[PDB]
């Protein structure tokens, strides 16, 4: 199909789709809009939200729903039905935490305090659960990389902007990051993508 991805010029919630197109070596239009474009772009969305992905003229929405669609019947999915369920569960566990953050808070001082509290008081319990889940295994699910490893790398990249020592007690979680980042199609995307804070 012809693919058009619509999002801000940010990594954010589109980045998981971008990694999956990179890894799978699929061409697509990476359409990055400006704030000034938002009211106009918005009036065309089913639920007022981006990313969307248009596929031969038809609109998909919800970044995780899209990422799952793109990975079906590929090596990124999970080998078995049970591993597929595990892939989904780890992705939702990550997404639930990213969704706690007050991304749209106007007052900067209140936004900053709350980010600092989540990262200091809540994040270490999640990092420890993830570490323990991972064990000495090479990848989070099964024997080869899945889009849950991608998403771990993506989410921890953004958290590390706000909490640099996030992973100081979890060197196995750093290794996993580095393995995701050394996959050649993915290294290539990381090197060439627009550099944005988020």
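Residue numbers count along the first chain shown, from 1.
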| query | finding |
| --- | --- |
| Comparing 162-170 with 22-30, the one whose average Cα B-factor in the PDB entry is higher | 162-170 |
| Which of 134-142 and 64-72 has higher mean CA B factor, as the PDB entry lists it | 134-142 |
| Highest-ranked of 88, 109, 117, 95 once sorted by CA temperature factor in the record | 109 |
| Which of 45, 53, 155, 148 ranks first by CA B-factor in the deposited coordinates | 45 |
